[PDB]
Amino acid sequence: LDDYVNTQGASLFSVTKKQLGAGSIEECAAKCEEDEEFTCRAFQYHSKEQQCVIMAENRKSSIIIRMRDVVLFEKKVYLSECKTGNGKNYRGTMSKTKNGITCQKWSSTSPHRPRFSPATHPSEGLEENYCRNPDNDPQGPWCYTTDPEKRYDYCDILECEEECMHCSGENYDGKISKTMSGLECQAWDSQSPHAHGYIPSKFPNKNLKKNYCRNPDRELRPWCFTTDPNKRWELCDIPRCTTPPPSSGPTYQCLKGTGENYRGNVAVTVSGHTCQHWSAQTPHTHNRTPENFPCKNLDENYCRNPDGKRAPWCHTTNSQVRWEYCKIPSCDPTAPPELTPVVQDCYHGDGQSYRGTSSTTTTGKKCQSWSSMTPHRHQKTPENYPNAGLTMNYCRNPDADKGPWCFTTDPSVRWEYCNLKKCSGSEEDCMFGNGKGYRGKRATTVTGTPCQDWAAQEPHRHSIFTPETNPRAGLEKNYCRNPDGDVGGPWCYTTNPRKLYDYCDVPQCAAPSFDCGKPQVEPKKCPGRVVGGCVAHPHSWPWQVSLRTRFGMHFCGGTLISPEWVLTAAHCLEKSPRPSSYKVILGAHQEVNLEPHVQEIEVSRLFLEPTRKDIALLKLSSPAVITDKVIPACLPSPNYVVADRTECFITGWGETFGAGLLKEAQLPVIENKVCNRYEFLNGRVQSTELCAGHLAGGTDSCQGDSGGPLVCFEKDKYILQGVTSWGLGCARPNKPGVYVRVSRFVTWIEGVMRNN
């Protein structure tokens, strides 16, 4: 199944097809390789129905429609518009020669009579008028031309990035799993021996498969994390292709937009200064080299825009001016913010009326924008559905499904139901999450159709999901169960012979207490662009602590992690060596003019981290009362590394608009590897440290309070990922802030709370 591209919840419209019963995907794949009546380009497998659909079409020739109980598997060769070697196995759609002449059909005998046709060579894929290599020609794929004067000619086809690489290897698809020094690559899905933020589920379009060398972070060339415990990562020796790189789109010798497509010959700045050659390091040293930007055309000293600036620019030959924009003669999309409500949104009926900001699925996947056709091509547009409210990447129900859904950013999963509950307005008859462990008595589908018994084989026959085949699944009578971890939750086979299965609405079990990282007041979610942050909504960060002096002044921040425990920075408690000199304020919004019902607790014990890091544990003299305004924060799993580009929040009062009020600021997490680059922190950031802030457009201020929280949203809650420490490094211009990585101290924190 390495020769296939899989997509869950995807199906195509097929004319040339063959349907048959199959027990597995592998069994269905074997029938596709057989090629009985036609050449199988894709197959569909229905796990609950045990049905196998073999097809002659794929996404290039057929329309994609979302469906339940389906995984679409497409043969990689029929999707790849590139060649490997002499293009013997090439199956792309290039239908013109290297000189622009349209190809003749392999089945046609006019203007030329073929020597190679589907009749003479049936295993050579001589389809339509596509360029092919059926005669082992060393010059590569060719075609018979429509020109009667030219019998046949070779075609210009891009080389696959399998044997070699183009540019920086950002689109490298080869199988090299060894570094330049001979170390074995660590699998991208693995967090051992090295914990990292390049999580494939968080970057599903970056092709981080197995332990292959990849370039997901604009590095010089593909690299990987190593299996050696002492070497975190290393570059790979990937060969460069000798053939031209992929097309960067239309090129203009005049200014258009930002000038990223500008390829003119202007070698003078806006102030008349002579441009410094991109290949030169005098009088100015830089990393905007042809080696770092190989497909950006940094040739000679011509004005270019490789790093995404305002207009095409160049370095200056004058020692005083480093760089300046160029006066080029003019000629006449990013990821949306995380606005998923932490106070879980609800839907009425089928959720067609739902207009909330949720963009999270039941498995924690990110919703694709309705205006976007990538990674999933669809027709669910605001033009086709004007009353469905298909705005941004929000969870909606345009085609009247059981509940709100969205297309996912994961190319291997077309769509998923959203993480929303049915509005409330047997109590024990409830479930947790998707309800795999659910053993209740509900047997009513969303449509009202009665459930078929699990042991029953009529109207639907099934060799899977019977009490004998799944004995730990609790498949009793016709009760709605989730034995396969279905996204839509518990389901049952239906008594309707026209409907295989259907979902049953099972409510979520009510939380008996205020669980960690779940505020009772929805956070404002201050946009990242905002200067000096925003004033937080009162009680939207219930774990926020105010460390107070014996004269009642707020000096430091902190996080409530347990009713008797507060996590802060060691720097905060440097001045005084007594826990009696510090007091903890909980459920506050005001820095000075504290509102009534705020919790004031004395500190009884202080625990400093043994490896001398800027992190400290405070034991409260009495346990804090957990209310709707005072809730602890969740701690991450030991050594967890927050994914790169993850938007996090830093909260506190700070030193000062909104005087003496609790503030918040959104910061993107920068992976230690990117953070440790010579242009930024230059190898100073250790595994015990976290990088958050902007690499371009720095605020130039020590944000929040010292010891303050850094929380990151994950599916349905906020997890404490960092502790504010100004000593490590403040948010400078073009330099991110350095925070204490909480996950590296979780084992120590757990030990202290357990034994004290």
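Position 1 is the first residue in the sequence shown; the rest follow in order.
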(message) If I compare the deposited sequence with the modelled residues, how many are absent between residue 332 and residue 333: none, 1 to 3, 4 to 9, or 10 or more?
(response) 10 or more
(message) With respect to the deposited sequence, is there a break between residue 512 and residue 513 in this entry, and if so is it 1 to 3, 4 to 9, or 10 or more residues, or none at all?
(response) none
(request) Compare the mean C-alpha B-factor of 606-614 with that of 640-648 as given in the PDB entry, and name the stretch with the higher value. (result) 606-614
(request) Taking the mean of the C-alpha B-factors per stretch from the entry, tell me the winner out of 578-586 and 92-100. (result) 578-586
(message) Among 326, 195, 71, 158, where is the Cα B factor highest in this entry?
(response) 326
(request) Pick out which of 673, 209, 550, 240 has the highest C-alpha B-factor in the PDB entry. (result) 550
(message) Using the temperature factors of the C-alpha atoms in this entry, rank residue 50 within its chain: lowest, middle or highest third.
(response) middle
(message) Which third, lowest, middle or highest, does the C-alpha temperature factor of residue 559 belong to within its own chain?
(response) lowest
(message) Is residue 345 in the lowest, middle or highest third of its chain when residues are ranked by C-alpha B-factor?
(response) middle
(message) Looking at the temperature factor on the CA atom of residue 714, which third of the chain's modelled residues does it land in?
(response) lowest
(message) Going by the CA temperature factor in the PDB record, which third of the chain does residue 507 belong to: lowest, middle or highest?
(response) middle
